[PDB]
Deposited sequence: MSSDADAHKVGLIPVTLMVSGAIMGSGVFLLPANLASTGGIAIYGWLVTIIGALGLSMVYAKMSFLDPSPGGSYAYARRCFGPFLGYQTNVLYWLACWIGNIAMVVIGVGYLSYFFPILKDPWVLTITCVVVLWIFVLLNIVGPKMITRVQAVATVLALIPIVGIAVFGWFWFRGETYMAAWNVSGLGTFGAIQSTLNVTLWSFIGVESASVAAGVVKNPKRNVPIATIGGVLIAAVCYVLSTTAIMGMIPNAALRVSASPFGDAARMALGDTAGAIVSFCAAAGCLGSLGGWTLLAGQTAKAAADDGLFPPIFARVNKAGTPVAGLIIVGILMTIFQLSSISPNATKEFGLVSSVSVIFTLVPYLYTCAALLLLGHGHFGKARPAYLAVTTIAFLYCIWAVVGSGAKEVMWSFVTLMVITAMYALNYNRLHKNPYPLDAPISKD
């Protein structure tokens, strides 16, 4: 019936940011290399800045759930409304990618998991298992995310520690498109604790610490595993198709790296979606409470868990999953990953705008930065949009319009304009 403690929360943030990314990014990145690494560097810096922004903002205002709340204070109910619809959509839509991936990893052990049918079925089942777990509660979901991420660090920490022996000279000059997709994706999760603040005991101290702790851990692992791989698989080796990560895996860990890796990968991927289901429920609840989403989303139980909220998300998730637009259908991760990333960027951007419009004054002698630090978060949000696909940036731009019109229609009486008419 109560909230969650620092360590578990901070591991949740670390895990929001990893799960899929840790194993996808370093492989991918080493593989293509060169121009790609700069991109990676840029987005690392941007994520670190954005994290300071969130840290500071959740500090100022320990409200649930993250950017939704900040955008509502900062601008209107309308920007609140919109921020949540976007972020909410992003959380669960992204799950459609992660189930297919994290269950793919276990195909190593259960060959049958590669018949599309079994894959799809097994996928829906796992989605609902994590819905159930969330219904059990934040404590249950968080404990599982915790064990899951640490498990996923075994292989990352391992390759790092034993890649030092094989560490050498670095070919840094040497497709860039889709790596950019993966790299942008791999650093979403910065905002998680801030969004899940309503469900963390002592938000004001715990959340800012948690987000920086989490980002810091995640930043460290990404850089270490990445440099490690670039250093230990040769430049002429880069070529070897289907190689990349797995190569470093076996050479640094034995001929059981297969099992260990495709286990901790799966571990980090699933149970990370446990956390994203959670987060989806939290924005929606946060918003429904203010009357900026339908009220069923605000409907909680004893512990204050939006069970109907989470159940719905389970339903939507499985409709989408069984749809033709799903990775199970298309065998493609670009659409889902892309909208998932871009729908997060608007919340990011409003959060930055929020820090300044809300927390000027609370800056004092340390003002620029913040100013500096946050125009960096701004430039990263822009960077990410510009580096995303045009089709998908357009689909998000359309979604903005649909959301606008939909608020107009669904809230027309009872809105309360900032500068009303008369008569």
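Student: Where does the structure fail to cover the deposited sequence at the C-alpha level?
Tutor: Model skips 1-6, 181-191, 441-445 of the deposited chain.
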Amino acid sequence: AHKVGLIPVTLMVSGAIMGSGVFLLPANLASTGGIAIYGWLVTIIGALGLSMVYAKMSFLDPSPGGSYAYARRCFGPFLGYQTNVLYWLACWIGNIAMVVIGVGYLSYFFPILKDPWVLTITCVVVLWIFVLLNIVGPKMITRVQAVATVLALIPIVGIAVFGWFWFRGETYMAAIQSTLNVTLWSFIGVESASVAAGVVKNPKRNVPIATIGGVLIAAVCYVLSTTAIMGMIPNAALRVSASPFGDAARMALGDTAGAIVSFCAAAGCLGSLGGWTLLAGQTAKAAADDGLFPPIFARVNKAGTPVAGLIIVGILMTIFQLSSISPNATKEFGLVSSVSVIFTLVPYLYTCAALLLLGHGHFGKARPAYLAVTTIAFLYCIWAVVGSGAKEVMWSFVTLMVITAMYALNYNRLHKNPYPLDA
From here on, numbers count along this sequence of modelled residues.
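Student: Highest mean C-alpha temperature factor of the two stretches 384-392 and 366-374, which is it?
Tutor: Averaged over C-alpha atoms, the B-factors run higher in 366-374.
Student: On mean Cα temperature factor in this entry, is 232-240 or 138-146 the higher one?
Tutor: Taking the mean C-alpha B-factor of 232-240 and of 138-146, the larger value falls to 232-240.
Student: Could you say which of 127, 90, 252, 312 has its CA atom at the highest B factor, as listed in the PDB entry?
Tutor: Result of the comparison over 127, 90, 252, 312: 252.
Student: From 248, 317, 278, 85, pick the one with the largest CA B-factor in the entry?
Tutor: It is 248.
Student: Among the modelled residues of its chain, does the C-alpha B-factor of residue 27 lie in the lowest, middle or highest third?
Tutor: Highest third.
Student: In terms of the chain's CA B-factor thirds, is residue 409 lowest, middle or highest?
Tutor: It belongs to the middle third of the chain when residues are ordered by C-alpha B-factor.
Student: Quick one: classify residue 95 as lowest, middle or highest third of the chain based on its Cα B-factor.
Tutor: Within its chain, residue 95 is a lowest-third residue by C-alpha B-factor, going by the deposited values.
Student: Determine, from the deposited record, the chain-internal third of the Cα B-factor for residue 68: lowest, middle or highest.
Tutor: Lowest third of the chain for residue 68's C-alpha B-factor.
Student: Among the modelled residues of this chain, does the Cα B factor of residue 321 put it in the lowest, middle or highest third?
Tutor: Tercile = lowest for this residue's CA B-factor.
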